[PDB]
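Let us start with two forms of the same protein chain, each given on its own as structure tokens and named structure 1 and structure 2.
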Structure 1
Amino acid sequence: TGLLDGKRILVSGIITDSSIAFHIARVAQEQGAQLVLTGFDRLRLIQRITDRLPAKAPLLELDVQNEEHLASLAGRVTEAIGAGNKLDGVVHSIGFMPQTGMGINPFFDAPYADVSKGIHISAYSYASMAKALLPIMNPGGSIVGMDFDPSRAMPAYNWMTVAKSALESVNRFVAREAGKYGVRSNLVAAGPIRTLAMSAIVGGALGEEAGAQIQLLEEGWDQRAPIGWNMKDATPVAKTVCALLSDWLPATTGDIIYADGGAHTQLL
């Protein structure tokens, strides 16, 4: 068996072994999937990381902001998996926001050029990935994106939060197009995970106050979550992502699935 047995799935956004995408790709492999990986800048460095995965997988360059990479991508992808074969799953684990639009810089001081870049990479990218890949997706297929609940404003995240609100709106439209191909589109809203950017600020990068704000945020999460929340374990969210890649949520699309320990359902 295996939840994802003989499914060909693309996974983007692995940069380190702490990346959420990394564990997705691992659990997918643990579970009988056959992957195709995308990388962004330091591929040789990335390639170095993905070797640590339980199975080998093709690594492709994908700068989401490059139109040519996008146009060429399905071709480049089909070559890697064999003609007369298509993808069954796609995972979008891509995000970025300049420190001017996130962290300690005041909310009003973020220049739209920085914000437009963050939105380009964090929201629009979900459609442009979906536009590129849907022609080579099999009916019954699934696209999963990574969300962080933006329904209420929170202190540090600022413009990333605004970007996530847009991504949520975008997923809904993508589900409309994806429907034509019999493909589902959903976001997983994860609670906070100790990935390097998160790890950097809890470590004290950018000051002690910002790290205590974040720890206050992390503390509140595990508190509110009736089954707790472990910033250090990215596996429960990866299992959730795989569930949406599987055939076990066949009637769910344009939706958001909350992998946060139930934090978002409790006030305190």
Structure 2
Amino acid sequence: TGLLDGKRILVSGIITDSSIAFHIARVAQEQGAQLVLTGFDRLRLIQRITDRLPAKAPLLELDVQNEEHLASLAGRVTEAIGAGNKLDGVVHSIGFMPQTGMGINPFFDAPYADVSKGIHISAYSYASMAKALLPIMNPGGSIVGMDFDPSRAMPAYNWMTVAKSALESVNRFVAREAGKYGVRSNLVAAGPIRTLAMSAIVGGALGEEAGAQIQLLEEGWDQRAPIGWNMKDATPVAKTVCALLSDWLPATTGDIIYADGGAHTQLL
């Protein structure tokens, strides 16, 4: 009955019940997946939030900048799912960029220390998670990361745009390695969604009238998308990730699927 019935899927990146990762998890459970969740830093909050999911799942700590976390991850996952069992899916839904790299802060004024942290967490970690988890993935499995189309420059997105360009390149190399395991690796380039990162990171860096410029972003996206766009609903994006986690896109890898209402296909 369910799209992901019996599949074992690790989902990273829940911070709140607005997180793209929250809705990926919710939809995957509705579709029968058995999940292992990973969280960063604010584990007490994340435990509270993940209790709003349809079903209980183990929560494991994972700071992608922490070499020890990464080194122990496959073992901790194997403890969570049981020896002899492997993952069928991995979801990377993780990003960060310091305020200097975002918004109205001048592009040239971001120190490399800041950019590097943003790139570590937002791009490099996709390789490092694939490295840790591929040895415990089943053939036919699927690794999915979250992208925002960086093909053209734009206001505010600034150095996160650079990190996503890097992520897209990483994805294609992860696909090379994953292929050896019979595993797919893809990115979902999503339209704008009202998440914590959108409000705290992107919004925080926009200065004043941020709420209006964000309302503006929604209205422009909605206009450009032939099927419209709603920033208040992550479900279409979560369903898309779930399609990639399923057996229904078996010949797609190294690739990007655009869950953006088709906005990137239209000039105006």
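Rigid core (definition): largest C-alpha set, two forms, superposition within 1.5 Å. Structure 1's sequence is the ruler for residue numbers, which start at 1. Only residues modelled in both forms are compared.
Residue from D51, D41, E209, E68 whose Cα, after superposing the rigid core, lies 2 Å or more away between the two structures:
It is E209.
Taking the rigid core as reference, does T235 move its C-alpha 2 Å or further between the two structures?
False for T235: its C-alpha shift is below 2 Å.
For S199, decide whether the Cα shift between the two structures is 2 Å or greater, given a superposition on the rigid core.
Where the cores coincide, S199 still shows a C-alpha shift between the two structures that is 2 Å or more.
Taking the rigid core as the reference frame, tell me whether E218 has a CA displacement of 2 angstroms or more between the two structures.
Result for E218: yes, a 2 Å-plus shift.
State the core-superposed CA shift for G103 between the two structures, in Å to one decimal.
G103 C-alpha displacement between the two structures, core-aligned: 1.1 Å.
Fitted on the core, where are the consecutive stretches (at least 3 residues) whose C-alpha atoms all shift 2 Å or more between the two structures?
Residues 196-218 form the sole shifted run.
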